[PDB]
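The block underneath contains the structure these notes are about, expressed in structure tokens.
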Amino acid sequence: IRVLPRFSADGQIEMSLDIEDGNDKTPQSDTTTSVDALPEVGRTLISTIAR
Amino acid sequence: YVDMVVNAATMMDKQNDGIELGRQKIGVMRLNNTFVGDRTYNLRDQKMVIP
Numbered sequence: 410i411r412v413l414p415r416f417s418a419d420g421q422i423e424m425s426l427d428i429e430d431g432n433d434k435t436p437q438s439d440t441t442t443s444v445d446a447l448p449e450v451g452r453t454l455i456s457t458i459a460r
Numbered sequence: 155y156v157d158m159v160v161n162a163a164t165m166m167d168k169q170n171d172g173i174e175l176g177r178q179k180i181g182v183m184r185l186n187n188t189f190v191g192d193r194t195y196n197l198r199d200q201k202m203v204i205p
């Protein structure tokens, strides 16, 4: 997370936001026997501003 | 009388001429709804900047 916050007189907070999340791509986990794999989330990038 | 008056007046006039009367002032103004500085966003691989 990378962020920059701002106070607005209306009692609102504005943030510039960069968010990056995920898990490491692992071809090496070749095993079939682990069908109980640790859950595959994606990889995601977002950048935006919100208030 | 006339001569004294005219002389005194004309000397007074050039004496007071060093008086400086024009002056500068500082006004402070807070923005409530936007970032003051020149604003950078990062796209997936690139920064881009707005005046």
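Chains as they are written, first to last, in the entry's author numbering: chain 5C, 410 to 460; chain 5B, 155 to 205.
A virtual CB, placed ideally from N, CA and C, is assigned to each residue, including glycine.
Check, Outcome
"State the Cα-Cα distance for the pair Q200 (chain 5B) and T457 (chain 5C), rounded to the nearest angstrom.", "14 Å"
"Would you tell me roughly how many angstroms separate the C-alpha atoms of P436 (chain 5C) and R460 (chain 5C), rounded to the nearest one?", "40 Å"
"Would you mind reading off the limits of the alpha helix (DSSP H) that contains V160 (chain 5B)?", "156-169"
"According to DSSP, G431 (chain 5C) sits in a beta bridge with which residue or residues?", "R452 (chain 5C)"
"Please decide whether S417 (chain 5C) counts as near chain 5B, where near means a Cβ-Cβ distance under 8 Å.", "yes"
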